[PDB]
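Novice: Here it is: the structure, laid out below.
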Amino acid sequence: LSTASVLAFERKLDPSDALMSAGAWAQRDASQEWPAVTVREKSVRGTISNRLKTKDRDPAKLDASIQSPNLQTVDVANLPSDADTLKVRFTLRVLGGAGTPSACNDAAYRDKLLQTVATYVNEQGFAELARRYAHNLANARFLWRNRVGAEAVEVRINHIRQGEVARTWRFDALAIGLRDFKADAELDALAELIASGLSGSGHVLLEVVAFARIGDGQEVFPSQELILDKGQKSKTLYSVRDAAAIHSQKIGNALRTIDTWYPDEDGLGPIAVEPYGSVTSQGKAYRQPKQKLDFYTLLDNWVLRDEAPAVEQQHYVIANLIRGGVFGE
Amino acid sequence: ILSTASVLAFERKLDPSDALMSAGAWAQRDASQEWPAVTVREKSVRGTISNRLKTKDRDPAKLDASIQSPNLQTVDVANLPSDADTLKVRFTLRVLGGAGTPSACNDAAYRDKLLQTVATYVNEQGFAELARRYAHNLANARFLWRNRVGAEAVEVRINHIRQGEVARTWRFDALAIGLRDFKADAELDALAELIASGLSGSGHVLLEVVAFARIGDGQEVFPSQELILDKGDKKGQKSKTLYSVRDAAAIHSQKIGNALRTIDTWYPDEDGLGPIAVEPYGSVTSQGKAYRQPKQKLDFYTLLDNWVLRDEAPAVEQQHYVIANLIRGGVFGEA
């Protein structure tokens with residue numbers, strides 16, 4: 001029994017592109033004809049603020065660089081000057097059947113993996129992972145920079161069973177912190193819904209609408225595209241039919257920020273679950289493969305050598321299975 | 001040991017909005033919610049050569065030929081209406097806090113050393129000097145860049161807006177508070193206390209700033225200018241574009257943010273010229289000159305490397321300057 005050459009998992013927890021719109025606070029219950037936040041252009045003039053390479057540190061060359069500055073065109077998105085509340089809306093889809101790979105080579109390997117994740121579900125349910133996912137939906141972690149320094153954030157989550165709303169949740173996203181995981185009756189009811197979606201015992205579709213009270217005319221932060229060349233424009237923002245938007249993978253990276261079991265520390269907070277679970281903002285790999293706590297060595301110990309790791313690392317490897325990916329040689 | 005990080009980035013504090021312009025009459029300043037916006041129009045401009053000639057006195061017939069074929073352009077222009085004499089410029093500004101925390105860092109030891117360094121900075125003295133200078137730059141209407149030059153009366157109204165309604169109101173005469181020196185006043189120090197409470201993370205600060213400048217009937221106001229690159233040659237008629245949020249003349253938010261952080265009075269050249277905007281190698285484009293050159297040991301990068309890596313704490317003025325540059329934010333790294 002060895003690991004297969006190919007192994008692929010399609011993702012559960014499918015989000016949509018989060019669209020932005022704007023309005024006034026206390027009109028948020030009538031926030032259906034709220035106008036879309038548009039992306040405009042403006043001109044910026046740069047200054048010299050980089051570190052110099054000790055050869056451009058001569059005063060004449062520095063002053064000559066101050067003489068001729070660069071001019072750029074930059075995409076920008078703001079709230080309207082009469083609106084103070086940003087509305088960000090997306091849909092999440094929880095499917096279930098997380099253990100079954102969409103591609104596999106060895107039949108013994110996939111059957112061993114299936115009974116491994118089957119015993120994982122039988123030992124305990126999805127309640128820990130779905131509780132942490134309901135926490136990351138409760139606080140507005142999917143408002144990445146739009147949440148930083150907000151006055152009041154409020155999340156409305158709607159379970160949509162048929163073509164209408166089956167159930168509603170109303171969260172104060174600043175009360176639910178970003179650091180720890182609490183216990184709440186409405187949050188655990190939402191967690192039970194997400195767990196029943198994850199266990200294959202139901203098809204879960206949610207509509208998540210977050211309202212951030214930022215201020216009149218303040219800048220919002222949609223997702224940012226990629227520029228390969230210029231000749232002019234130096235920053236592009238993501239947009240879906242003339243409305244500022246956040247990428248679906250940005251929302252998905254904010255959803256699975258649940259990993260509190262990395263070997264480095266625990267006072268930093270949760271990170272996103274990844275193989276060699278890493279953050280690009282810090283440029284450093286937590287869960288290095290030299291330590292015995294990355295995803296691949298844990299999976300090869302649990303499935304091949306039958307070494308069941310600790311139950312929080314079991315939560316980590318099953319969260320990586322829910323994330324999906326391309327595993328193999 | 002303990003080298004600086006290869007990538008390091010700080011998001012800005014003191015976020016301003018775009019400053020929108022409207023026009024009205026003085027002493028209607030308290031009813032200035034239905035004031036109409038200042039619009040941007042186009043006009044034709046015929047001019048002749050008033051620049052220096054490249055070949056000075058060696059071609060007079062070329063000069064006469066260039067005067068017989070003058071420059072025709074189309075220029076964006078923004079005036080007050082002929083029955084209103086007061087420009088009203090409105091924006092919002094939020095003070096956040098968490099000034100030392102970088103939004104990106106490579107070395108964990110470097111960011112822990114930086115965090116404890118700025119923690120000792122806050123512990124020795126507050127943000128009170130920096131917030132006093134920021135409240136001064138809000139008190140005088142320095143964000144009216146050329147709209148304040150030669151104004152008869154400038155008046156600034158600052159609303160601290162806690163919930164959806166106003167929590168406190170300040171009212172300043174911006175011509176009394178000079179552009180030169182930093183004084184003391186009870187209302188100004190109360191505003192400085194609010195800005196410092198926002199800067200420390202002990203509160204959420206959102207302010208609405210409205211300036212009224214008494215310029216004159218029909219006089220010209222000055223919004224921000226857009227980029228007109230590679231359109232001045234083929235036809236070349238449109239030669240000046242003014243920035244506008246939808247059908248309203250506006251100032252860029254980075255121009256307001258440059259006027260807010262004009263606080264640096266500690267640069268080694270002199271101080272008789274006045275405060276400049278805080279910047280690494282603190283430089284003015286209109287003078288074409290960098291104060292705080294890196295050959296002197298008073299720019300931002302050498303001061304930060306001495307304060308963080310080698311624990312050489314500079315003077316309290318240079319510490320004010322380094323923390324002001326951390327409040328400003330930027331991309332600081334090996335480029």
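Residues in the structure tokens are numbered from 1 in each chain, the chains being A, B, ... in the order shown, and ligands are numbered from 1 in the order shown.
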From a DSSP calculation on the backbone, collect every residue of segment 154-238 of chain A in alpha helix (DSSP H) and output the set as a PyMOL selection string.

Specialist: chain A and resi 185-198

Novice: Just to be explicit: take each residue in the selection above, keep N, CA and C atoms, and write the result as an mmCIF file, in the first residue's frame.

Specialist:
```cif
data_model
loop_
_atom_site.group_PDB
_atom_site.id
_atom_site.type_symbol
_atom_site.label_atom_id
_atom_site.label_comp_id
_atom_site.auth_asym_id
_atom_site.auth_seq_id
_atom_site.Cartn_x
_atom_site.Cartn_y
_atom_site.Cartn_z
ATOM 1 N N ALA A 185 -25.601 30.137 20.788
ATOM 2 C CA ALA A 185 -26.690 29.262 20.361
ATOM 3 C C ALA A 185 -26.992 29.418 18.876
ATOM 4 N N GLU A 186 -27.078 30.661 18.393
ATOM 5 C CA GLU A 186 -27.323 30.896 16.972
ATOM 6 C C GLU A 186 -26.128 30.465 16.133
ATOM 7 N N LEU A 187 -24.918 30.701 16.645
ATOM 8 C CA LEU A 187 -23.710 30.286 15.946
ATOM 9 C C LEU A 187 -23.611 28.770 15.877
ATOM 10 N N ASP A 188 -24.009 28.074 16.944
ATOM 11 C CA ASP A 188 -23.963 26.618 16.908
ATOM 12 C C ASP A 188 -25.097 26.036 16.079
ATOM 13 N N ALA A 189 -26.222 26.745 15.959
ATOM 14 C CA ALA A 189 -27.263 26.307 15.033
ATOM 15 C C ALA A 189 -26.797 26.430 13.586
ATOM 16 N N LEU A 190 -26.124 27.540 13.266
ATOM 17 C CA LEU A 190 -25.505 27.692 11.952
ATOM 18 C C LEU A 190 -24.426 26.641 11.725
ATOM 19 N N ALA A 191 -23.668 26.318 12.775
ATOM 20 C CA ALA A 191 -22.645 25.284 12.691
ATOM 21 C C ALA A 191 -23.256 23.915 12.442
ATOM 22 N N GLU A 192 -24.415 23.644 13.043
ATOM 23 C CA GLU A 192 -25.117 22.393 12.785
ATOM 24 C C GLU A 192 -25.616 22.329 11.350
ATOM 25 N N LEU A 193 -26.050 23.469 10.804
ATOM 26 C CA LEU A 193 -26.444 23.507 9.396
ATOM 27 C C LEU A 193 -25.260 23.232 8.472
ATOM 28 N N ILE A 194 -24.118 23.865 8.749
ATOM 29 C CA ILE A 194 -22.922 23.669 7.932
ATOM 30 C C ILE A 194 -22.406 22.239 8.066
ATOM 31 N N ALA A 195 -22.526 21.654 9.261
ATOM 32 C CA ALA A 195 -22.093 20.278 9.471
ATOM 33 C C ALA A 195 -23.001 19.291 8.754
ATOM 34 N N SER A 196 -24.313 19.547 8.752
ATOM 35 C CA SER A 196 -25.229 18.689 8.009
ATOM 36 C C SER A 196 -25.018 18.817 6.510
ATOM 37 N N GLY A 197 -24.599 19.993 6.045
ATOM 38 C CA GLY A 197 -24.197 20.113 4.655
ATOM 39 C C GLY A 197 -22.916 19.364 4.355
ATOM 40 N N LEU A 198 -21.958 19.405 5.280
ATOM 41 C CA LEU A 198 -20.670 18.754 5.093
ATOM 42 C C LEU A 198 -20.741 17.244 5.235
#
```

Novice: Tell me, as a PyMOL selection string, which residues lie within 12 Å of residue 180 of chain A, counting only C-alpha atoms; anything in the same chain fewer than 6 positions away does not count.

Specialist: chain A and resi 131-132+135-136+139+257-260+266-270

Novice: Leaving out segment 328-334 of chain B and any residue of its chain fewer than 2 positions from it, which residues lie within 6 Å of it when counting only C-alpha atoms, given as a PyMOL selection string?

Specialist: chain B and resi 6-12+325-326

Novice: Could you pull out the residues in segment 273-318 of chain A that DSSP calls strand (DSSP E or B) from the backbone, as a list in words?

Specialist: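 Here is the list: residues 278, 279, 284 and 285 of chain A.
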
Novice: In Å, how far is it from atom CA of residue 310 of chain A to atom CA of residue 108 of chain B?

Specialist: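 One can read the atom CA of residue 310 of chain A to atom CA of residue 108 of chain B distance as 27.6 Å.
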
Novice: Could you state the separation of atom CA of residue 153 of chain A and atom CA of residue 193 of chain B in Å, given to one decimal place?

Specialist: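 Going from atom CA of residue 153 of chain A over to atom CA of residue 193 of chain B, I get 25.8 Å.
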
Novice: List as a ChimeraX atom specification the protein and nucleic acid residues near residue 242 of chain B, meaning an atom at most 8 Å away when only C-alpha atoms are counted, but skip any in the same chain fewer than 4 places from it.

Specialist: /B:40,76-77,223-226,249

Novice: Just the selected residues (N, CA and C atoms), exported as a PDB file, in the first residue's frame, please.

Specialist:
```pdb
ATOM      1  N   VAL B  40     -16.963  71.616 -13.698  1.00  0.00           N
ATOM      2  CA  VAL B  40     -15.770  71.785 -14.515  1.00  0.00           C
ATOM      3  C   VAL B  40     -16.220  72.022 -15.946  1.00  0.00           C
ATOM      4  N   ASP B  76      -9.608  72.738 -19.280  1.00  0.00           N
ATOM      5  CA  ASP B  76     -10.606  72.596 -18.229  1.00  0.00           C
ATOM      6  C   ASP B  76     -10.445  73.704 -17.202  1.00  0.00           C
ATOM      7  N   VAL B  77     -11.566  74.244 -16.742  1.00  0.00           N
ATOM      8  CA  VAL B  77     -11.549  75.374 -15.825  1.00  0.00           C
ATOM      9  C   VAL B  77     -12.681  75.187 -14.824  1.00  0.00           C
ATOM     10  N   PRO B 223      -9.150  72.621  -8.417  1.00  0.00           N
ATOM     11  CA  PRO B 223      -9.183  71.194  -8.103  1.00  0.00           C
ATOM     12  C   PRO B 223      -7.879  70.521  -8.515  1.00  0.00           C
ATOM     13  N   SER B 224      -7.842  69.207  -8.350  1.00  0.00           N
ATOM     14  CA  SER B 224      -6.671  68.446  -8.745  1.00  0.00           C
ATOM     15  C   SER B 224      -6.662  68.236 -10.249  1.00  0.00           C
ATOM     16  N   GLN B 225      -5.466  68.115 -10.812  1.00  0.00           N
ATOM     17  CA  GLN B 225      -5.305  67.962 -12.249  1.00  0.00           C
ATOM     18  C   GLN B 225      -5.013  66.514 -12.598  1.00  0.00           C
ATOM     19  N   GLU B 226      -5.673  66.024 -13.637  1.00  0.00           N
ATOM     20  CA  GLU B 226      -5.516  64.651 -14.073  1.00  0.00           C
ATOM     21  C   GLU B 226      -4.329  64.528 -15.023  1.00  0.00           C
ATOM     22  N   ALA B 249     -16.272  69.194  -9.060  1.00  0.00           N
ATOM     23  CA  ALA B 249     -14.831  69.391  -8.974  1.00  0.00           C
ATOM     24  C   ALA B 249     -14.312  68.929  -7.621  1.00  0.00           C
TER      25      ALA B 249
END
```

Novice: Output as CSV one row per residue of chain A within 6 Å of chain B: the closest atom pair and its distance in Å to one decimal place, counting only C-alpha atoms, sorted by chain and residue number ascending.

Specialist:
```
residue,atom,partner,partner_atom,distance
A:43,CA,B:226,CA,5.4
A:49,CA,B:280,CA,5.5
A:51,CA,B:335,CA,5.9
A:63,CA,B:289,CA,5.1
A:66,CA,B:288,CA,5.5
A:67,CA,B:288,CA,4.9
A:149,CA,B:96,CA,5.5
A:217,CA,B:17,CA,5.7
A:218,CA,B:17,CA,5.2
A:281,CA,B:104,CA,4.9
A:282,CA,B:105,CA,5.2
A:283,CA,B:106,CA,5.5
```

Novice: Keeping only N, CA and C atoms, write the selected residues as a PDB file, in the first residue's frame.

Specialist:
```
ATOM      1  N   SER A  43      -5.374  60.028 -11.137  1.00  0.00           N
ATOM      2  CA  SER A  43      -3.955  60.201 -11.386  1.00  0.00           C
ATOM      3  C   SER A  43      -3.226  60.344 -10.064  1.00  0.00           C
ATOM      4  N   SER A  49      10.680  57.124  -2.468  1.00  0.00           N
ATOM      5  CA  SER A  49      10.604  56.638  -1.102  1.00  0.00           C
ATOM      6  C   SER A  49      11.234  55.270  -0.918  1.00  0.00           C
ATOM      7  N   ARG A  51      14.349  52.429  -0.703  1.00  0.00           N
ATOM      8  CA  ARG A  51      15.734  52.417  -0.270  1.00  0.00           C
ATOM      9  C   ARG A  51      16.644  52.545  -1.482  1.00  0.00           C
ATOM     10  N   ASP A  63      18.485  64.652  -5.867  1.00  0.00           N
ATOM     11  CA  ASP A  63      17.724  65.863  -6.159  1.00  0.00           C
ATOM     12  C   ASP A  63      17.192  65.858  -7.587  1.00  0.00           C
ATOM     13  N   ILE A  66      14.191  63.892  -7.550  1.00  0.00           N
ATOM     14  CA  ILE A  66      13.079  64.675  -7.011  1.00  0.00           C
ATOM     15  C   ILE A  66      12.524  65.623  -8.076  1.00  0.00           C
ATOM     16  N   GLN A  67      13.363  66.041  -9.035  1.00  0.00           N
ATOM     17  CA  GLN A  67      12.927  66.969 -10.083  1.00  0.00           C
ATOM     18  C   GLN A  67      11.841  66.376 -10.971  1.00  0.00           C
ATOM     19  N   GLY A 149     -10.753  48.900  11.004  1.00  0.00           N
ATOM     20  CA  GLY A 149     -11.119  50.240  11.400  1.00  0.00           C
ATOM     21  C   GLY A 149     -12.550  50.615  11.117  1.00  0.00           C
ATOM     22  N   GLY A 217     -17.944  58.547   1.761  1.00  0.00           N
ATOM     23  CA  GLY A 217     -16.932  58.755   0.750  1.00  0.00           C
ATOM     24  C   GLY A 217     -15.611  58.074   0.998  1.00  0.00           C
ATOM     25  N   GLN A 218     -15.536  57.177   1.971  1.00  0.00           N
ATOM     26  CA  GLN A 218     -14.283  56.519   2.287  1.00  0.00           C
ATOM     27  C   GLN A 218     -13.943  55.470   1.236  1.00  0.00           C
ATOM     28  N   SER A 281       1.665  36.875   3.568  1.00  0.00           N
ATOM     29  CA  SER A 281       1.908  38.171   4.188  1.00  0.00           C
ATOM     30  C   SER A 281       3.137  38.139   5.081  1.00  0.00           C
ATOM     31  N   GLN A 282       3.459  36.982   5.647  1.00  0.00           N
ATOM     32  CA  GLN A 282       4.656  36.855   6.461  1.00  0.00           C
ATOM     33  C   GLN A 282       5.802  36.167   5.740  1.00  0.00           C
ATOM     34  N   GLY A 283       5.537  35.540   4.596  1.00  0.00           N
ATOM     35  CA  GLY A 283       6.580  34.925   3.800  1.00  0.00           C
ATOM     36  C   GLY A 283       7.240  33.730   4.438  1.00  0.00           C
TER      37      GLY A 283
END
```

Novice: Within 12 Å of residue 79 of chain A, counting only C-alpha atoms, which residues qualify if same-chain residues fewer than 6 places away don't, as a PyMOL selection string?

Specialist: (chain A and resi 20-24+34-40+85-87+146+212-222+244) or (chain B and resi 17-18+92+245)

Novice: Let me see the file: selected residues, N, CA, C and O atoms, as a short mmCIF file (atom, residue, chain, number, x, y, z; two decimals), in the first residue's frame.

Specialist:
```cif
data_model
loop_
_atom_site.label_atom_id
_atom_site.label_comp_id
_atom_site.auth_asym_id
_atom_site.auth_seq_id
_atom_site.Cartn_x
_atom_site.Cartn_y
_atom_site.Cartn_z
N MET A 20 -19.96 44.31 -4.40
CA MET A 20 -20.01 45.47 -3.53
C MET A 20 -21.11 46.42 -3.97
O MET A 20 -21.37 46.58 -5.17
N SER A 21 -21.75 47.05 -2.99
CA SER A 21 -22.72 48.09 -3.22
C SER A 21 -22.67 49.02 -2.01
O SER A 21 -21.96 48.75 -1.05
N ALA A 22 -23.41 50.11 -2.06
CA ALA A 22 -23.29 51.10 -1.01
C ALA A 22 -24.65 51.64 -0.61
O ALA A 22 -25.60 51.60 -1.40
N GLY A 23 -24.73 52.14 0.61
CA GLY A 23 -25.95 52.74 1.08
C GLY A 23 -25.75 53.39 2.42
O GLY A 23 -24.62 53.55 2.89
N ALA A 24 -26.85 53.77 3.04
CA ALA A 24 -26.83 54.38 4.36
C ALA A 24 -27.16 53.33 5.41
O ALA A 24 -27.93 52.40 5.16
N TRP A 34 -29.71 48.91 -3.61
CA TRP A 34 -28.54 49.71 -3.33
C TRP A 34 -27.65 49.76 -4.56
O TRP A 34 -27.42 48.72 -5.19
N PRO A 35 -27.15 50.93 -4.95
CA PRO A 35 -26.38 51.02 -6.19
C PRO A 35 -24.99 50.44 -6.02
O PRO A 35 -24.40 50.46 -4.94
N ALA A 36 -24.47 49.90 -7.12
CA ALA A 36 -23.18 49.24 -7.10
C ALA A 36 -22.05 50.24 -6.92
O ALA A 36 -22.13 51.38 -7.39
N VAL A 37 -21.00 49.81 -6.23
CA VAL A 37 -19.81 50.62 -6.08
C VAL A 37 -18.99 50.49 -7.35
O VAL A 37 -18.58 49.38 -7.73
N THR A 38 -18.76 51.60 -8.03
CA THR A 38 -18.05 51.57 -9.30
C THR A 38 -16.57 51.86 -9.10
O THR A 38 -16.16 52.51 -8.14
N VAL A 39 -15.78 51.36 -10.04
CA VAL A 39 -14.33 51.53 -10.03
C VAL A 39 -13.99 52.65 -11.00
O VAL A 39 -14.31 52.56 -12.20
N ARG A 40 -13.36 53.70 -10.51
CA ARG A 40 -12.95 54.82 -11.33
C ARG A 40 -11.44 54.84 -11.46
O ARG A 40 -10.74 54.02 -10.88
N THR A 85 -22.15 53.15 4.34
CA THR A 85 -22.16 51.73 4.63
C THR A 85 -21.91 50.94 3.35
O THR A 85 -22.62 51.10 2.36
N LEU A 86 -20.89 50.08 3.40
CA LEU A 86 -20.58 49.16 2.31
C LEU A 86 -21.32 47.85 2.52
O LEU A 86 -21.32 47.30 3.62
N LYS A 87 -21.95 47.36 1.46
CA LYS A 87 -22.64 46.08 1.47
C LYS A 87 -21.90 45.12 0.55
O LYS A 87 -21.66 45.43 -0.62
N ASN A 146 -11.62 46.11 4.30
CA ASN A 146 -12.83 46.88 4.55
C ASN A 146 -13.31 46.75 5.99
O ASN A 146 -14.07 47.60 6.45
N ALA A 212 -20.65 46.99 6.42
CA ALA A 212 -19.57 47.64 7.15
C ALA A 212 -19.83 49.14 7.18
O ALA A 212 -19.99 49.76 6.12
N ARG A 213 -19.88 49.71 8.37
CA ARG A 213 -20.09 51.15 8.53
C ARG A 213 -18.72 51.82 8.54
O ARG A 213 -18.04 51.86 9.56
N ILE A 214 -18.33 52.35 7.39
CA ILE A 214 -16.98 52.87 7.19
C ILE A 214 -16.96 54.39 7.29
O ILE A 214 -16.13 54.96 8.00
N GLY A 215 -17.85 55.06 6.57
CA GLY A 215 -17.86 56.51 6.55
C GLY A 215 -18.25 57.06 5.20
O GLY A 215 -18.27 56.32 4.22
N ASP A 216 -18.55 58.35 5.13
CA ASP A 216 -19.03 58.96 3.89
C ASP A 216 -17.86 59.16 2.94
O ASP A 216 -16.90 59.86 3.27
N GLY A 217 -17.94 58.55 1.76
CA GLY A 217 -16.93 58.75 0.75
C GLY A 217 -15.61 58.07 1.00
O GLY A 217 -14.65 58.36 0.29
N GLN A 218 -15.54 57.18 1.97
CA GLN A 218 -14.28 56.52 2.29
C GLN A 218 -13.94 55.47 1.24
O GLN A 218 -14.80 55.00 0.48
N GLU A 219 -12.67 55.10 1.20
CA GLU A 219 -12.18 54.17 0.20
C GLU A 219 -12.48 52.74 0.61
O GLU A 219 -12.25 52.36 1.76
N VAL A 220 -13.00 51.95 -0.32
CA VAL A 220 -13.17 50.53 -0.11
C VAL A 220 -12.10 49.80 -0.91
O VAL A 220 -11.41 50.38 -1.74
N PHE A 221 -11.97 48.50 -0.66
CA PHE A 221 -10.85 47.73 -1.17
C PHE A 221 -11.36 46.45 -1.82
O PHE A 221 -11.49 45.41 -1.15
N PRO A 222 -11.67 46.49 -3.10
CA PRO A 222 -12.02 45.27 -3.82
C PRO A 222 -10.77 44.47 -4.17
O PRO A 222 -9.65 44.84 -3.82
N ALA A 244 -17.72 46.82 -8.35
CA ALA A 244 -16.50 46.40 -7.69
C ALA A 244 -16.72 45.09 -6.96
O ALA A 244 -17.77 44.88 -6.34
N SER B 17 -10.90 61.15 2.56
CA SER B 17 -11.68 60.89 1.36
C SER B 17 -11.30 61.91 0.30
O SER B 17 -10.42 62.75 0.49
N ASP B 18 -11.96 61.84 -0.86
CA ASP B 18 -11.80 62.88 -1.86
C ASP B 18 -12.57 64.11 -1.41
O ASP B 18 -13.71 64.00 -0.94
N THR B 92 -14.13 63.58 4.56
CA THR B 92 -14.12 62.84 5.81
C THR B 92 -12.74 62.23 6.02
O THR B 92 -12.03 61.92 5.06
N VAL B 245 -15.09 63.85 -9.12
CA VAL B 245 -16.07 62.83 -8.76
C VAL B 245 -17.35 63.39 -9.38
O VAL B 245 -17.40 64.59 -9.65
#
```

Novice: Identify, on the basis of only C-alpha atoms, every residue whose closest approach to segment 314-318 of chain B does not exceed 9 Å; exclude the query and any residue fewer than 3 positions from it along the same chain; express the result as a JSON list (two decimals) with N, CA, C and O atoms, in the first residue's frame.

Specialist:
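File written: out.json
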```json
[["chain", "number", "residue", "atom", "x", "y", "z"],
["B", 265, "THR", "N", 9.16, 69.61, 11.26],
["B", 265, "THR", "CA", 9.93, 70.81, 11.55],
["B", 265, "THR", "C", 11.33, 70.49, 12.07],
["B", 265, "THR", "O", 11.97, 71.36, 12.66],
["B", 266, "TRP", "N", 11.81, 69.27, 11.87],
["B", 266, "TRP", "CA", 13.06, 68.82, 12.48],
["B", 266, "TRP", "C", 14.11, 68.44, 11.44],
["B", 266, "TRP", "O", 14.99, 67.63, 11.73],
["B", 267, "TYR", "N", 14.03, 69.00, 10.25],
["B", 267, "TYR", "CA", 14.98, 68.62, 9.21],
["B", 267, "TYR", "C", 16.27, 69.43, 9.34],
["B", 267, "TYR", "O", 16.23, 70.60, 9.74],
["B", 298, "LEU", "N", 20.14, 61.60, 8.99],
["B", 298, "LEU", "CA", 18.85, 62.06, 9.48],
["B", 298, "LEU", "C", 17.67, 61.72, 8.58],
["B", 298, "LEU", "O", 16.59, 62.30, 8.76],
["B", 300, "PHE", "N", 14.87, 58.73, 7.08],
["B", 300, "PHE", "CA", 14.04, 57.78, 7.81],
["B", 300, "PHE", "C", 14.71, 56.43, 7.94],
["B", 300, "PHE", "O", 14.58, 55.76, 8.97],
["B", 303, "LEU", "N", 17.71, 56.24, 10.45],
["B", 303, "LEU", "CA", 17.16, 56.42, 11.79],
["B", 303, "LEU", "C", 16.42, 55.17, 12.26],
["B", 303, "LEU", "O", 16.57, 54.76, 13.42],
["B", 306, "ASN", "N", 19.00, 52.42, 12.94],
["B", 306, "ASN", "CA", 19.73, 52.64, 14.18],
["B", 306, "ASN", "C", 18.84, 52.42, 15.40],
["B", 306, "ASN", "O", 19.31, 51.94, 16.43],
["B", 307, "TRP", "N", 17.56, 52.76, 15.29],
["B", 307, "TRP", "CA", 16.67, 52.61, 16.43],
["B", 307, "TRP", "C", 16.28, 51.15, 16.64],
["B", 307, "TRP", "O", 16.09, 50.71, 17.78],
["B", 321, "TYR", "N", 9.51, 62.01, 14.10],
["B", 321, "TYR", "CA", 9.56, 61.92, 12.64],
["B", 321, "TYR", "C", 9.45, 60.48, 12.15],
["B", 321, "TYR", "O", 8.74, 60.20, 11.17],
["B", 322, "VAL", "N", 10.12, 59.54, 12.83],
["B", 322, "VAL", "CA", 10.07, 58.14, 12.42],
["B", 322, "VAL", "C", 8.67, 57.56, 12.64],
["B", 322, "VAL", "O", 8.14, 56.84, 11.79],
["B", 323, "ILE", "N", 8.03, 57.92, 13.76],
["B", 323, "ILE", "CA", 6.69, 57.41, 14.00],
["B", 323, "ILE", "C", 5.67, 58.09, 13.08],
["B", 323, "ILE", "O", 4.68, 57.47, 12.67]]
```

Novice: Could you tell me how far atom CA of residue 79 of chain B sits from atom CA of residue 46 of chain B, in Å to one decimal place?

Specialist: 19.3 Å

Novice: Excluding segment 110-123 of chain A and its own-chain neighbours fewer than 4 positions away, which residues fall within 9 Å of it when counting only C-alpha atoms? Please give them as a list in words.

Specialist: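 Here the answer would be residues 4, 7, 98, 99, 100, 101, 104, 105, 106, 199, 302, 303, 304, 306, 314 and 318 of chain A.
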
Novice: Just checking: using only C-alpha atoms, which residue out of B:138, B:302, B:34, B:100 ends up closest to residue 199 of chain B?

Specialist: B:100

Novice: Considering only C-alpha atoms, can you say which of B:88, B:238, B:146, B:56 comes closest to residue 222 of chain B?

Specialist: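 Checking each candidate against residue 222 of chain B, we get B:146 as the closest.
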